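Trainee: these chains are from a complex, not moved at all, and more is on the way:
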Amino acid sequence: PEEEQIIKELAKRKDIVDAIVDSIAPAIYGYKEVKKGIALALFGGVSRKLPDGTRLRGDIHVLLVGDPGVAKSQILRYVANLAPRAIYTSXXXXXXXXXXXXXXXXXXXXXXXXXXXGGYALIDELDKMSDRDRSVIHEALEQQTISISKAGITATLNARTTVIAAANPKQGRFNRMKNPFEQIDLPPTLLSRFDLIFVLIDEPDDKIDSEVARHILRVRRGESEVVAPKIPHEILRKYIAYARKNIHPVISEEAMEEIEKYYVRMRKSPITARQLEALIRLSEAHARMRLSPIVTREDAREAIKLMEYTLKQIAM
Amino acid sequence: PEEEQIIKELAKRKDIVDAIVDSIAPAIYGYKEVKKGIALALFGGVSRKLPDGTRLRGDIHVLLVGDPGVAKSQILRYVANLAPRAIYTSXXXXXXXXXXXXXXXXXXXXXXXXXXXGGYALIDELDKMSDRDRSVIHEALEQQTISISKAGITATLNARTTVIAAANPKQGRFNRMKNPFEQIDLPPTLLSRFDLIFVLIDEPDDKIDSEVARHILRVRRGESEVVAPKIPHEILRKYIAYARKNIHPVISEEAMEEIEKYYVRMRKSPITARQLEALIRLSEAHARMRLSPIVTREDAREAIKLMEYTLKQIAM
Amino acid sequence: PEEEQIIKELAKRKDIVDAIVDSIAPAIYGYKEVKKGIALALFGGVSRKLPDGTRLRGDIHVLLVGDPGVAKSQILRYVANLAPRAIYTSXXXXXXXXXXXXXXXXXXXXXXXXXXXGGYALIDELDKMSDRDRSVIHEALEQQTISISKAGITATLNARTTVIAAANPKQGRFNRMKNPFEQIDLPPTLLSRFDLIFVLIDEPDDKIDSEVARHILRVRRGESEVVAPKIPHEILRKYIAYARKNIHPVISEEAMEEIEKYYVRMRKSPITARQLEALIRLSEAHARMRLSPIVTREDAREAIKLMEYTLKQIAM
């Protein structure tokens, strides 16, 4: 509770929104959106069921697909080292690290890739999952409920976790013209489950490279650099678990008008009505991220920003 | 019986017909007919056998086929949460929810998709039923009697339930010109079993979209909104089970003339004499829906209205 | 309804109770109790479930075990020719007769011996059932619910029928001193399921034999004799199906005292608290048999009479 005191203070801050991303991964340089994306993903949408409106997921899934050597693997890793109930697990070898452990997890489930059925499961190399390990997630993302009835017994595991995953193209790189979506090795009906897909191509370019490298070296020498979180990870991890508890943003007519005015815009053009749902989740989380609990015109605004970005990137 | 008192009063109401639909699914916006359709389906036709006129089904089956993201899945779900003996079960995973349970069902049968052989079985994704799970229904809709003689034993299960199902095109979407009936993945001799098929395409259009979205948000925030039943679901569920008991509408010469005058109209034009039978069921149920028990010119009138609609929608 | 008129009149009759038995099997001579037993069995106990008092079977099962040539086979047969939904099926050969058929049965199930899962299944030669065909009944009598999950599928059939069965001793005859219950080839935990077991030994004796024979010949010559029902079987079959509908006897404090005063008596002495339950079923049915719907001191009285008889017969 001495902590709750601090948190409120942080939120008070003017730039909190920005500070929170600059703390996701201080190491990796850039990727403001892929950071502000994961950021929301870690705060999640409202997720509050009603009887009349049955179930109501709020968890925000995020896919990271790109050419090799773009920091995907790296990034996920940094998230594990931050996110509370984080499970990193790359399609390669057996068993995984991630966790900072404390007598195991608070509630149910576990498995092969290693998912806690809550908790965010950072799945690197989702395109190299043995069709089995894939299937499960596919169900988990789709249904929101896994199930194993191998034997006379029938086991229905309740899936309630967030998935921040990475993935490479079926080819490795995809710079070609063809759509980034034919190049991924995942069944489209799975991809459609992510609320945001960051496509990461990598032209050469001097400027950026110079920056990126100079940056690596910097935060690569000794055991310290002026390149560490803008917010302590222990604080920021409490701050998260906190907002995913006491805050449940309600949509301001203010915002409402902004998101619909857009969904319709978005419609004019592989869009469905789902795009609207996920957009809602982002803007809800963007509020929770700062504790509101009112998705103001700004929140909703920001949400669409990030989304029209994920989108632009698809044109490559 | 303190209840029966209320019911009669409701029926007394001038707009009951309308109130009853605005209570099917207050959530989903629009689809007056797909609502007033399901409405009848929940009240069913006369269904009263005679020795001379052998068997006499009255149950009204309803199929909902459309492009994705049109509320099919959603809708069925809301029906389960209303309909008395409702069983929702979407072709995906194992076991299903629906029921509000009370020491199981009043009479016989059960199975794989999960049907109670009475009770309405809301079958979402009927186009993704394993050829086995399909077969059964096919028989159930066709015969009105299932059967399993796997072993020396022979089991003939009496099928007496209503089927309100959904389904997607073999392609996913079907906006093309080709007939909506070549695009469905169900054997025509099954489809022919539905008394009403609502074809749901989805052009974009601003107006409607704006409405739909604005609506979602509305009844999507907090745990309450001015968007709940025009009639309490507990009352309306008793009202149903009641009319499917004490009311057995007889056809008024009044109406008779209206439905035949039409069937013949309908004939001029993939129509049979079955179309006449089902039309009869609707108009009978539309009365029962308000308790008559006389299919007045209005009832019969309404019936054909809904039917010439289901029809218009086929031209797409 | 022109029928309902007659029925009420019959009940009005002073001797109805007696008339009803003299109509079970006019052929077979004697066995007043085995007749008045089956009689009750055909009318069944209350059988009305409550939420607080969960399930509530009322069906009365009856076992007939005796030396050969005592009319068991015969009797069951006559019952099939009377009882509404009757299924006769003797452990021998394949398929069975019984039914008077009419487009099959009103509700679910069917099988190997041939049972309709309602309807009374007259099972002759229950001691010669292939351990399989036995098992089922055993479950059916015990659970009140059968089940076949042979394959990936799981089938739980609701068992709701009456069982009036016959059976011979493991030896054929049992005149010996040893208890009639060690001589039957059925698992005691099955036998315990019957509400009445009529043990039929057959000493020679002139008097009785003379009667029995003289009787056979009588109702054995030509195609007619003064030995036909005291009540038309078509009437009496409606009368049954009627009382198993409109009558649901409630226990009069009057009777209550009689049955408990006895159960306790019965206790002093292979008795349990189940004996009390079944006794309750008889007395309830004995009322329904005449339509009450109040288990008067007489009904309850009669019930124990029949029961202390089934009992005396066990001493042989």
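Mentor: It's in. Numbering: from 1, shown residues only, chains lettered A, B, ... in the order given.
Trainee: Not counting its own residues, what contacts the helix or strand that contains residue A:33?
Mentor: Secondary structure assigned from DSSP states H and E places residue A:33 in helix A:32-43. Applying C-beta atoms under 8 Å, 6 or more residues apart in numbering or on different chains, the external contacts of helix A:32-43 come out as A:20-22, A:24-25, A:60-62, A:64, A:75, A:79, A:82-83, A:120, A:162, A:164, A:195-196, A:198, A:200, A:240, A:243-244, A:282, A:285-286, A:288-289, A:303, A:306, A:309-310. Where C-beta positions appear, they are placed from N, C-alpha and C, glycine not excepted.
Trainee: how about residue A:84, what does it touch?
Mentor: Residue A:84 is in contact with A:119-120, A:237, A:240-241, counting by C-beta under 8 Å, 6+ apart.
Trainee: For it, which three-state class applies?
Mentor: For residue A:84, the secondary structure call by DSSP: H, G, I helix; E, B strand; the rest coil comes out as coil.
Trainee: What distance do you get for it to residue A:236?
Mentor: Separation of residue A:84 from residue A:236 (C-beta to C-beta, to the nearest Å): 10 Å.
Trainee: Likewise for residue A:155?
Mentor: Look at residue A:155 and residue A:236: by C-beta to C-beta, they are 36 Å apart.
Trainee: neighbour-wise, which of the two wins?
Mentor: Neighbours were tallied for residue A:155 and for residue A:236 using other C-beta atoms under 10 Å in any protein chain shown; the higher tally belongs to residue A:236 (21 against 12).
Trainee: Give me the residues contacting the host helix or strand of that one.
Mentor: In this structure, residue A:236 sits in helix A:233-246 according to DSSP H and E. Under the criterion C-beta under 8 Å, 6+ apart, residues A:3-4, A:6-7, A:10, A:20, A:23, A:42-44, A:81-84, A:229, A:231, A:288-289, A:291 lie in contact with helix A:233-246.
Trainee: Which positions in that helix come out as buried?
Mentor: When burial is assessed from 16 or more other C-beta atoms under 10 Å in any protein chain shown, helix A:233-246 yields the following buried residues: A:233, A:236-240, A:242-244.
Trainee: what does stretch A:154-164 give?
Mentor: With the criterion 16+ other C-beta under 10 Å, stretch A:154-164 contains buried residues A:157-164.
Trainee: Same question for stretch A:245-261.
Mentor: Neighbour counts over stretch A:245-261 (16+ other C-beta under 10 Å) mark A:247-252, A:255-256, A:258-260 as buried.
Trainee: and residue A:194, that one's in a strand?
Mentor: No: under three-state DSSP, residue A:194 falls outside any strand and is assigned coil.
Trainee: Against chain B, how distant is it?
Mentor: As defined by C-beta to the nearest C-beta, to the nearest Å, residue A:194 lies at a distance of 16 Å from chain B.
Trainee: I'd like to know how many residues surround that residue.
Mentor: The tally of other residues near residue A:194 (other C-beta under 10 Å) stands at 22.
Trainee: so it touches residue A:63, yeah?
Mentor: Yes: with contact defined as C-beta atoms under 8 Å, residue A:194 and residue A:63 form a contacting pair (4.2 Å).
Trainee: Tally up the residues packed near the residue lying closest to residue A:159 once chain neighbours are set aside, please.
Mentor: Counting by C-beta to C-beta, 6 or more residues apart in numbering or on different chains, the nearest residue to residue A:159 once its immediate chain neighbours are dropped is residue A:140, at 4.1 Å. Counted with other C-beta under 10 Å, the burial measure for residue A:140 works out to 24 neighbours.
Trainee: throw chain D on there as well:
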Amino acid sequence: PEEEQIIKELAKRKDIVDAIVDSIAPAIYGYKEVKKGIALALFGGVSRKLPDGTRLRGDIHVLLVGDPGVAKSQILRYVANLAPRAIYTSXXXXXXXXXXXXXXXXXXXXXXXXXXXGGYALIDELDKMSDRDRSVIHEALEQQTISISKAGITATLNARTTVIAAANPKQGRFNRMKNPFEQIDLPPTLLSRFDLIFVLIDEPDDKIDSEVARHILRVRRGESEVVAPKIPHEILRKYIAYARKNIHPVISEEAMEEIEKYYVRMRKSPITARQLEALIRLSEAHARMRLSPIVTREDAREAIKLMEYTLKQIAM
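Mentor: Okay, chain D now, added to the rest:
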């Protein structure tokens, strides 16, 4: 919250403790302890984990083993109709009733007997579980965590439910001298998992029988009697779910002295140090049952009472 108001008031009541049991099963007559036992079991022990003191189960398991016709089956059933997340499932046939359903359960798991991995699983006939269905529970009671790794995948289901089960002797009845514990068909290392085992033998005796019967009849006639809960089940079910939320009894030095003073007593004599743990759970729950949250000398007192009873019954 209008409810929370009532609850507090009930607790205020002087006799609440007693009222709460007289509401478990008003039907079945007697068994004050088997009622006050189940009562505690429904309120559970503290169950609050710490890092230093690792895991900390609080759920109270209860076994009911006795001769047939003692109300075991019946009782469990009444509990299902009360307990919030209750699952009744008797080793017989397939699928089970219990639940009052509401879009399925709040959290994870499901299976063969049918358990929700929280919620109390009322398992009647635990001695007739197919060695498979047993195993699971055995693990569930022992580990507190189930697991299915059938295939490449590995599924660890978190077991966090209460088990109120019944069971018959390997012989059926056991009146003999031999210890009730050799007569049960369960592996001793399973039985040791129950916090209370009620052994139910059934001598005849007139007095009691007269009572029992008279009672049955009473609450067996019509659809009503002065034999219904001393507390409404809807209230009492909220009251439970409430105390299993806001109350977490701490042990008063007051009580502490009472339970240890006894454990040691208990030691003098198949006792371990586990007996102490479970005793602690009862007394904790007995407080929670009335909301304390301080296990006063009385609570602890009561706990040992019930326990020295379960014990006396073992001498038979």
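Trainee: Take the buried residues of stretch A:154-164 again, chain D included.
Mentor: Taking 16+ other C-beta under 10 Å as the basis for neighbour counts, the residues of stretch A:154-164 that come out buried are A:154-164.
Trainee: again with stretch A:81-88
Mentor: A:81-83, A:85-88.
Trainee: before we move on, back to that, and chain D, which of the buried residues of stretch A:154-164 reach it?
Mentor: Intersecting the buried residues of stretch A:154-164 with the contacts of chain D gives A:154-158 (criterion: C-beta under 8 Å from any C-beta of the partner chain).
Trainee: right, is the longest helix along chain A up against chain B?
Mentor: Longest helix in chain A by number of residues (criterion: DSSP state H): helix A:297-315. No: using C-beta under 8 Å from any C-beta, helix A:297-315 stays clear of chain B, coming no nearer than 10.1 Å.
Trainee: Can you name every helix or strand that that helix contacts?
Mentor: Under the contact definition 3 or more C-beta pairs under 8 Å, 6 or more residues apart in numbering or on different chains; DSSP states H and E, helix A:297-315 sits against helix A:32-43, strand A:196-200, helix A:253-267, helix A:274-288.
Trainee: got the contact list for the last one?
Mentor: With contacts defined as C-beta under 8 Å, 6+ apart, helix A:274-288 is touched by A:17, A:40-41, A:43-46, A:58, A:60, A:192, A:195-196, A:243-244, A:247-249, A:251, A:255, A:259-260, A:262-263, A:266, A:293-296, A:299-300, A:302-304, A:306-307, B:69, B:213, B:216-217, B:220.
Trainee: Quick check on those: which are buried?
Mentor: In terms of neighbour count (16+ other C-beta under 10 Å), the buried residues within these are A:17, A:40-41, A:43-46, A:58, A:60, A:192, A:195-196, A:243-244, A:247-249, A:251, A:255, A:259-260, A:262-263, A:266, A:295-296, A:299-300, A:302-304, A:306-307, B:69, B:213, B:216-217, B:220.
Trainee: And what about residue A:160, helix, strand or coil?
Mentor: coil.
Trainee: quick one: it and residue A:143 touch, right?
Mentor: No: taking C-beta under 8 Å as the definition, residue A:160 is not a contact partner of residue A:143, at 11.2 Å.
Trainee: ok, residue A:2 - contacts?
Mentor: Under the contact definition (C-beta under 8 Å, 6+ apart), no residues are listed for residue A:2.
Trainee: Next one: it relative to residue A:241, how far apart?
Mentor: Here residue A:2 is placed at a distance of 16 Å from residue A:241 (C-beta to C-beta).
Trainee: repeat for residue A:289
Mentor: In this structure, residue A:289 lies at 13 Å from residue A:241, with C-beta to C-beta as the measure.
Trainee: Chain B contacts on chain A?
Mentor: By C-beta under 8 Å from any C-beta, the residues of chain A that approach chain B are A:48, A:50-54, A:139, A:142-143, A:145, A:147, A:149, A:154, A:156, A:250-251, A:256, A:259-260, A:263-264, A:267-268, A:272-274, A:276, A:280.
Trainee: Quick check: nearest residue in space to residue A:216, chain neighbours excluded?
Mentor: On the basis of C-beta to C-beta, 6+ apart, the spatially nearest residue to residue A:216 that is not a chain neighbour turns out to be residue A:29, at 7.7 Å.
Trainee: Let me know whether residue A:89 touches residue A:119 as I believe.
Mentor: No: using C-beta under 8 Å, residue A:89 and residue A:119 do not qualify as a contacting pair, with a distance of 11.8 Å.
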